[PDB]
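Below you'll find the structure, written out as structure tokens, and then a few comments.
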2 protein chains.
Amino acid sequence: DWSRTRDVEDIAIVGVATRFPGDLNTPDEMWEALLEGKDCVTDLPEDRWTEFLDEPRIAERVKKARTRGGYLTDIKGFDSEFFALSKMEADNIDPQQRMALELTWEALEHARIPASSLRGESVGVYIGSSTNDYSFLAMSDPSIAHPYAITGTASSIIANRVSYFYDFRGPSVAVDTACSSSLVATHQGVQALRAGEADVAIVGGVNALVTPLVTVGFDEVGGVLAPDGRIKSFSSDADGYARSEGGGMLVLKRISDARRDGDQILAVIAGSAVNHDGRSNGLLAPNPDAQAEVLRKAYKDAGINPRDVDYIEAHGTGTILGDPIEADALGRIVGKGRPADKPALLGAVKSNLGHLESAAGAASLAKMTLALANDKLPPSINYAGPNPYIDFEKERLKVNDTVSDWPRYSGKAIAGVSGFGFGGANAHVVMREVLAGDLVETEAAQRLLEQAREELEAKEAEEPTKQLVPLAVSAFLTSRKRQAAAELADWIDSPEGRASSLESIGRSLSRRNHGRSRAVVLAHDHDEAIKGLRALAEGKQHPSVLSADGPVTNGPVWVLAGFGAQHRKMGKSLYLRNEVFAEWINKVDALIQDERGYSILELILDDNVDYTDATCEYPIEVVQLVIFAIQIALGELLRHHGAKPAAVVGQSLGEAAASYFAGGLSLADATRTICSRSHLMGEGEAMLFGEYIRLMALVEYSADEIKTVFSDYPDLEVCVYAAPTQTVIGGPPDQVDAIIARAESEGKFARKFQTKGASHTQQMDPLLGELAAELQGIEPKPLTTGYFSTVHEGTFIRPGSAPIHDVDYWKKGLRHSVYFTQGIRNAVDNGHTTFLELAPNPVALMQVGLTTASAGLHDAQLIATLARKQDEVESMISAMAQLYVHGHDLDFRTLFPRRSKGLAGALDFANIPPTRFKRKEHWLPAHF
Amino acid sequence: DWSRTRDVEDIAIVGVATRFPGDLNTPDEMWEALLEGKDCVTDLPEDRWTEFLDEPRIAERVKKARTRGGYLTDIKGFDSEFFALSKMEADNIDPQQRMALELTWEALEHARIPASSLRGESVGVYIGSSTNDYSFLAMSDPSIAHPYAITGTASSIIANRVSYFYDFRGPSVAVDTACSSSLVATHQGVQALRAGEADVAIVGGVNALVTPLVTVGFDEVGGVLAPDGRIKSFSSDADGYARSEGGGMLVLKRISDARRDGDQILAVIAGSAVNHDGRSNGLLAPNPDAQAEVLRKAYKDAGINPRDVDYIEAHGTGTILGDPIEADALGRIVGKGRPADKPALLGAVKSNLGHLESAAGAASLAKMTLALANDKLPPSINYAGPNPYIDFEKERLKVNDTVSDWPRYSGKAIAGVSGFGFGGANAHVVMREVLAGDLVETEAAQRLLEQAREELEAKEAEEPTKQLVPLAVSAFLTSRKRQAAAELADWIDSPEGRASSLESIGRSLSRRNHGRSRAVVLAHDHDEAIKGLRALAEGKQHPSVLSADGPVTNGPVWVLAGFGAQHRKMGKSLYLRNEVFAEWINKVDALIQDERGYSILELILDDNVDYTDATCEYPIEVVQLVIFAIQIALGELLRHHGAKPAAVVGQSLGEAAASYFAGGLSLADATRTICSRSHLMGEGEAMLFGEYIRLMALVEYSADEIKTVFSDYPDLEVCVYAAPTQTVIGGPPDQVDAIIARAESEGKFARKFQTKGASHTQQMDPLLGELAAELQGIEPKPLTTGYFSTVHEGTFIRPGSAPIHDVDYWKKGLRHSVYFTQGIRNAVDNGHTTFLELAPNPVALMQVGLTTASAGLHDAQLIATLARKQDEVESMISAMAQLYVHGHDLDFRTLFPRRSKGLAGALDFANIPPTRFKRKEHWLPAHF
């Protein structure tokens with residue numbers, strides 16, 4: 001009967017912004033005013049229309065007109081610095097465009113969607129507008145009017161400037177169906193979202209009373225404007241309406257996308273329809289048959305029986321003739337068949353706000369969104385009693401003149417919203433409340449795993465650990481960022497701030513816009529948060545504050561080192577307390593068990609594994625395996641939070657991990673590589689001992705210089721070029737032990753490595769045949785990331801290049817030197833300044849630091865991930881905070897996953913101060 | 001790959017209207033200009049902008065500006081009488097609204113869709129507009145500006161006034177995406193048609209250069225306007241553009257509806273898309289990435305591989321920077337992968353017309369529609385050579401600078417149309433030619449049927465019959481109707497008229513608007529048509545011309561009589577030459593064979609059946625059956641052409657047919673009724689003879705008066721009250737033969753009926769039991785039509801009343817008198833003036849005529865259907881013409897069914913003169 005014939009989705013309303021008479025600038029302010037029954041119509045303000053009141057003819061004509069209405073408080077103000085407009089351009093921009101920009105910002109903030117996250121996305125903008133009032137001000141003097149007025153007053157620019165400033169790529173159109181323009185814009189946004197063509201829709205309408213021309217015209221018509229300026233909707237003393245200025249906006253998404261993204265659904269749009277009067281009894285006469293038809297069309301589109309409607313937000317313009325016609329059409333469709341005791345409730349926000357001609361629909365939609373979200377029906381005002389020409393009982397309608405509950409005739413709250421243009425264009429939108437249905441749809445290692453969780457629980461019971469919460473603050477300017485920090489600190493010190501959980505404060509901040517000037521405060525409690533924010537408000541450096549004036553130019557470089565980074569309990573704390581990290585550790589552990597026939601997970605969880613000779617069966621082999629597993633898991637944890645390397649570089653065991661993150665090999669293939677060499681190096685060491693051993697040592701000699709010294713020590717080779725002034729060499733002990741003295745002659749640094757791996761030297765000649773045999777079957781792929789190979793003499797390989805990770809590549813890299821310091825320098829020449837080391841302990845960062853300074857870079861960003869004697873969970877948060885502050889890819893929202901899935905959370909977010917604007921006066925000097 | 005993901009229909013373009021510079025006012029004029037490469041940019045006309053050129057400051061500023069452009073010839077003219085606007089209202093209406101009204105009329109006429117047939121239908125209107133130039137003229141003097149300017153210059157009224165004047169009920173919206181507004185409007189119309197929500201879409205755009213303000217602003221910007229005013233699209237000497245005024249419109253339907261309705265499909269819209277630049281390098285800078293994305297989106301929506309495009313109608317504004325950007329995006333999407341020898345052809349109508357800012361898309365769409373329909377590509381002009389900053393060969397593009405053929409790379413012609421707004425809103429529409437695939441998907445009676453067709457063929461061979469063709473002419477005023485007739489007559493006398501088949505002239509006229517003042521000329525050849533039209537041009541009454549100044553108030557009354565209407569060959573000629581009539585005769589013939597065991601079709605086809613005693617086995621019975629069959633078939637033939645009775649009335653055998661057309665019984669049930677009585681009356685007559693017979697006679701005595709005479713003739717009864725002063729009585733012959741002398745005493749008229757049916761009298765008492773037995777099982781239904789029962793004492797039964805056609809109703813009607821003259825009078829009191837007799841011969845119309853005059857109605861419309869000694873096919877055409885001229889329901893298009901189904905007809909329509917408008921000067925007196 002009334003079921004949908006087409007297969008479409010419901011549309012969720014996720015955010016609302018308002019700028020309405022009576023100083024209603026937020027949804028909460030509007031809701032309080034509606035509950036109180038506030039009358040927002042006032043006298044014409046003294047400082048308005050002054051460009052016309054110095055001419056006595058116009059002045060006397062205006063004094064004779066009604067002129068009471070809904071006026072805004074500060075129409076000339078505008079934050080032109082925030083929206084990046086020069087003084088002259090700002091002076092020429094219509095207030096309607098200003099309101100479009102501001103309302104878009106406020107609506108996105110209310111929806112808890114960061115504006116930065118929508119840049120480049122398919123966001124449609126649909127705004128209703130009916131009057132180019134500001135153009136008349138510019139046209140006062142045709143000769144001297146500035147050409148900026150052309151773009152500053154064109155109707156299309158109302159939508160186009162919003163699309164331009166926010167970098168929206170969806171459809172962008174201004175629509176005019178004069179008095180129902182907002183509802184028509186909403187209808188177009190809904191249709192767009194249903195057809196694809198847009199993933200988010202910004203819909204609304206604006207209106208401004210810049211000049212008295214339209215008001216004087218309507219006054220000259222006669223019998224249109226109420227003598228006292230009050231709209232008495234459906235009342236017995238109804239005698240016309242009054243004009244009002246303002247605007248509103250809504251943010252719309254498909255309900256499935258809203259559920260997936262975790263948006264709070266305020267209300268649901270089930271359907272809508274638009275039509276026209278046709279040939280009515282005059283162009284300006286409303287047609288009841290057409291209104292009935294638009295009602296029927298809308299409820300068929302929504303798939304809802306009109307008998308079930310609880311509330312109608314009416315056109316309600318308070319004309320003695322229009323109100324009975326609207327009531328008659330409603331009685332034909334909405335009221336038909338109802339019992340006398342279940343009437344549809346009726347009201348009109350125009351009785352509060354006046355007639356917001358092209359923004360009237362936006363005001364109505366905002367009222368109904370707030371009524372559904374807050375589960376109350378606000379009164380309609382100026383109601384002295386029923387219009388005698390309307391049989392309310394027979395039409396099955398009742399005017400709601402108090403605060404009342406939703407009847408919920410069908411079990412859920414349903415409402416309809418009507419708007420009729422004075423040219424005959426009609427619209428109706430059907431809404432319903434959000435429902436619950438909308439929001440839905442190793443053996444021995446196991447022993448050690450339990451023994452670790454129990455001991456952590458027992459340790460926790462004795463003393464709880466204070467969780468680290470990162471607090472993000474940002475703006476388009478450093479000065480604005482500092483001001484926001486100061487205001488945030490006061491609210492946190494406030495009683496309402498102290499009553500909010502620190503995690504909820506962090507979650508709210510994480511859903512705000514992430515601008516170009518960024519800072520993060522790492523806080524364990526409120527008092528620490530206050531201290532850090534106050535320090536940020538000044539220029540005072542604080543150890544708990546990460547900050548930067550702007551982003552760096554290029555992306556980060558991931559450094560896959562790992563020699564000498566092992567220690568007793570590496571990775572264990574992070575494995576227990578982070579699910580993503582544990583998942584990838586298990587994944588790598590499965591692969592190694594196949595290839596090597598044991599589990600690395602047991603070594604990680606066991607506390608007596610010192611990764612030395614006295615506690616591990618094969619120390620040389622397993623240490624490389626565990627470090628590789630940790631490197632894979634740390635990198636995947638970073639990917640989970642939205643980080644991605646711009647380029648990669650490895651060193652002597654991290655090549656396997658570097659190969660994986662560059663896209664060269666798959667995880668299995670990279671696992672096969674490291675598994676093969678580690679056990680081959682381990683096997684070789686036992687075969688040779690006594691005099692056959694080759695030691696590894698570090699010296700203070702450069703690469704070019706080393707060519708001279710090797711003339712008289714032929715046996716020695718170079719393993720890795722670590723720093724410009726440091727190198728690692730290997731060879732016979734007598735030719736090696738001597739060189740320590742050869743260095744001590746000139747007071748240089750030199751020390752011996754106490755490990756018997758002896759890689760990149762002679763010992764690996766016997767191994768190369770087996771390595772090729774074991775690696776026979778790996779499938780190199782073209783690189784998806786920049787790659788600074790330390791095997792191919794430090795060269796830079798661009799993304800998308802031909803595959804390079806062949807068998808001979810691993811054969812070569814295992815045997816010959818590592819060109820690490822060369823690789824770093826090449827990276828610095830391409831403009832990289834951020835270097836991120838994935839390791840259990842940062843040892844390669846110092847080597848990277850020396851190279852960067854040697855290349856003329858003393859402010860390089862050197863970010864560690866894990867470190868001995870530092871809490872592993874805190875280290876990862878700090879690393880991700882540093883990436884974020886310097887503008888690198890990082891989704892701060894993923895740091896605050898939602899605990900509550902349903903509608904009963906209500907505490908996931910704190911009521912942090914909104915973004916503050918600095919409004920300056922911008923207006924055209926004009927005289928008539 | 002490029003196949004549609006959504007299931008949608010293609011959209012057909014069925015009509016085009018144009019108002020473009022260079023006096024291009026019809027699609028044919030525009031096509032000729034395009035083939036000739038006409039340059040339509042001129043100097044500013046002398047009589048334009050004069051309201052500003054009397055102030056020396058403005059005058060000097062304007063003289064310094066470029067000001068060459070595409071200007072209309074007569075912008076102040078308007079036929080305000082045609083569009084029903086007063087002088088003061090017309091003076092205040094923006095030329096954009098005027099153009100919207102006129103272009104809608106011209107587009108519907110070009111589509112051969114009568115405007116009257118769309119009144120009340122779901123017709124959507126979508127019009128692009130970007131400037132309220134006329135408002136500035138009204139705002140010159142704020143005090144004395146008339147309030148009519150409010151509705152006369154609002155943007156929304158551009159669409160709303162069209163919807164109002166034509167009685168369209170679909171969506172009605174004005175859109176502004178400044179320079180691509182027309183394409184965006186087209187996109188919205190396509191989306192509407194695909195979603196339902198509209199069955200016809202009127203889409204287009206308008207623009208007017210009322211004042212110099214915008215031109216002077218763009219001139220003051222600098223580097224925007226071409227110094228010589230010529231748009232040199234993609235040329236090496238491109239230096240800006242010039243502004244132009246005008247408008248265009250298209251009529252759109254779903255392709256299935258166009259095929260079903262027999263519209264000529266000019267071209268097909270396969271898909272379209274709209275998006276925005278986002279944050280480009282400045283608000284006014286075009287973004288190549290966004291343009292590429294809109295291209296990809298549009299071709300995905302169309303389900304077409306962009307590699308197959310033959311022609312791109314470009315934005316092409318001739319800027320030295322914009323043209324390479326457009327070419328670059330095209331090369332990214334349209335050109336990619338093509339071989340060097342199959343480039344996409346490129347052009348721009350802006351090189352012909354200038355820049356028609358919000359109507360530019362309409363001009364582009366019109367050009368491509370005509371190019372596809374006429375199978376040619378017109379040149380792009382002002383092309384001195386390729387822009388050196390565009391590598392045309394590499395982009396796989398070629399500028400089309402001559403007249404050329406469609407390459408048809410994929411086997412069919414495909415084109416794309418682009419438009420980019422200066423605020424960053426982009427649009428692309430994909431078109432293709434119409435394809436052939438779019439336009440697809442009793443035994444003895446048989447002996448007599450063949451013998452009749454052969455004899456008709458033989459008769460035809462000796463002399464052909466000149467077919468009667470009805471020619472419809474109408475207007476909103478009688479004076480305009482006469483003028484149209486005079487102009488039509490001249491064109492028919494013209495050599496081109498004489499070369500057109502008279503049927504094609506009639507078909508074209510039948511597809512024109514059917515206004516309130518109507519006339520039909522019944523013509524067998526051109527010369528007769530000319531003579532009738534000339535007579536209509538004056539007030540001269542002519543026997544071949546039916547005419548009326550306006551419609552009558554109420555619908556027609558169908559009169560189902562039939563006693564005494566039989567004759568030798570009734571129905572035979574119409575049965576052979578009309579398929580619909582034959583089909584229903586066969587249907588009734590099947591029913592009667594079941595009930596009565598013989599075929600009436602044999603009697604109709606046989607020529608020796610005189611319906612008398614010497615030639616029919618049962619004359620009394622079969623005559624009623626044949627007349628009933630003819631009455632059913634004639635009424636169904638009228639229904640096929642769109643006629644429907646407002647009320648029905650029967651008489652003494654037509655009650656059965658009257659019952660059927662009122663909706664009381666089904667055809668089977670009504671057939672059972674008449675079959676039962678006819679054979680019962682026939683059986684009764686043989687049973688009684690000699691002295692038992694009762695005769696029927698007619699006298700000149702009224703109903704009230706008859707009560708006196710019956711005092712001394714107790715046996716006599718009254719059968720039917722025919723006229724106020726005439727009655728039919730029946731009874732014993734001696735009491736009946738006497739009364740003829742009783743009447744002759746006072747010189748009154750009286751005659752005897754020579755038939756032995758003797759109905760509505762004593763003889764039917766024995767029959768009533770069997771009649772109820774035979775009729776036991778009929779299912780009366782509530783009436784769907786007004787009904788003046790002559791059984792229930794002439795009463796009027798309203799439609800929707802309770803069922804009345806029970807068994808006792810037939811029992812009663814068969815026995816008691818027929819209140820016919822009473823029934824007619826009741827009809828006249830409800831305001832009926834048209835009475836239509838369904839009979840083989842009009843005998844009841846004279847009785848109806850006498851009653852209507854007696855009730856004070858001397859201009860009643862008394863329409864016969866068939867008549868003895870008149871050609872049956874001509875009689876039916878004349879009857880339907882009379883219904884049409886008086887405004888009754890009749891679809892004149894059904895009188896001219898199409899012969900050719902495919903694309904090769906090309907002769908179904910004649911090139912009759914278009915509707916002529918009388919333009920008067922309407923403008924605002926204004927001074928600055």
Side-chain angles (χ1 to χ4, degrees), chain A residues 6 52 57-58 61 119-120 130 132 136 139 142-143 145 147 149-151 154-157 160-161 163-165 167-178 181 184 188 191 195-197 213-214 216-218 220-221 273-280 283-284 290 293 421 423-425 928, chain B residues 6 52 57-58 61 119-120 130 132 136 139 142-143 145 147 149-151 154-157 160-161 163-165 167-178 181 184 188 191 195-197 213-214 216-218 220-221 273-280 283-284 290 293 421 423-425 928:
Chain A
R6 309 168 70 213
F52 295 80
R57 295 219 301 272
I58 291 166
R61 190 54 196 88
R119 293 183 77 77
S130 293
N132 298 265
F136 294 112
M139 190 252 172
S143 316
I150 293 174
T151 55
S155 285
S156 59
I157 304 307
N160 291 347
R161 197 186 297 278
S163 289
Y164 167 78
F165 178 79
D167 198 30
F168 294 156
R169 305 299 178 90
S172 184
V173 49
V175 295
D176 189 1
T177 56
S181 293
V184 172
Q188 288 190 11
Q191 299 335 115
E197 161 162 7
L213 306 168
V214 180
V216 168
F218 274 117
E220 184 68 24
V221 160
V274 302
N275 75 346
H276 195 270
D277 276 359
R279 181 72 74 97
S280 53
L283 173 64
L284 301 179
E293 282 324 284
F928 295 90
Chain B
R6 309 168 70 213
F52 295 80
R57 295 219 301 272
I58 291 166
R61 190 54 196 88
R119 293 183 77 77
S130 293
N132 298 265
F136 294 112
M139 190 252 172
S143 316
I150 293 174
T151 55
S155 285
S156 59
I157 304 307
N160 291 347
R161 197 186 297 278
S163 289
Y164 167 78
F165 178 79
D167 198 30
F168 294 156
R169 305 299 178 90
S172 184
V173 49
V175 295
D176 189 1
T177 56
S181 293
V184 172
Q188 288 190 11
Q191 299 335 115
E197 161 162 7
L213 306 168
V214 180
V216 168
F218 274 117
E220 184 68 24
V221 160
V274 302
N275 75 346
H276 195 270
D277 276 359
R279 181 72 74 97
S280 53
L283 173 64
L284 301 179
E293 282 324 284
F928 295 90

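Letters A, B, ... mirror the listed sequences (proteins, then strands); counts begin at 1.
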*Give the minimum heavy-atom separation between B/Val214 and A/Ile150, together with the two atoms involved.*
O-CD1, 4.1 Å
*Are any of the side-chain heavy atoms of B/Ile58 and A/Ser143 separated by less than 4.5 Å?*
yes
*What residue, out of B/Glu293, B/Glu197, B/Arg61, has the most heavy-atom pairs lying under 4.5 Å from chain A?*
B/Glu197
*Closest non-hydrogen atom pair between A/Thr151 and B/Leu284, with its separation*: CG2-CD2, 3.9 Å
*Quick one: CG on B/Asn275 to OG on A/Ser172, what's the gap to the nearest 0.5 Å?*
10.0 Å
_Least distance between heavy atoms, A/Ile157 atom then B/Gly423 atom_ = CD1-CA, 4.1 Å
*Please name the pair of heavy atoms, one in B/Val175 and one in A/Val175, separated by the smallest distance, quoted to 0.1 Å.*
CG1-CG1, 4.2 Å
*Best-contacting candidate, A/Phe168, A/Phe52, A/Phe136, against chain B by heavy atom pairs under 4.5 angstrom*: A/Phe136
*Mind checking whether B/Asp176 and A/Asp176 have side chains closer than 4.5 Å, heavy atoms only?*
no
_Quick check for you: among A/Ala154, A/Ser280, A/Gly424, which has the greatest number of heavy-atom pairs under 4.5 Å with chain B?_
A/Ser280
*When A/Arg161, A/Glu220, A/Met139 are compared by non-hydrogen pairs under 4.5 Å with chain B, the top option*: A/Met139
*Could you tell me which portion of A/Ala195 (side chain, backbone, both or neither) has an atom closer than 4.5 angstrom to a non-hydrogen atom of chain B?*
both
*Identify which of A/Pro147, A/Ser163, A/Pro171, A/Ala149 forms the greatest number of heavy-atom pairs closer than 4.5 Å to chain B.*
A/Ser163
_Using side-chain heavy atoms (C-beta onward) and a distance below 4.5 Å, is B/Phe928 in contact with A/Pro142?_
no
*Side chain proximity check, A/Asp277 to B/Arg169, heavy atoms < 4.5 angstrom*: no
_Max heavy-atom pair count under 4.5 Å with chain B, selected residue of A/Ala145, A/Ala174, A/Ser181_ = A/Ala174
*Scan side-chain atoms only and decide if B/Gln188 and A/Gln188 contain a donor-acceptor pair under the 3.5 Å cut-off.*
yes
*Under a 4.5 Å heavy-atom cut-off, does chain B meet the side chain of A/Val216, its backbone, both or neither?*
neither
_Please classify the contact between A/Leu213 and chain B as side chain, backbone, both or neither, with a heavy-atom cut-off of under 4.5 Å._
side chain
*Close side-chain approach of A/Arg119 and B/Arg279, heavy atoms under 4.5 Å*: yes
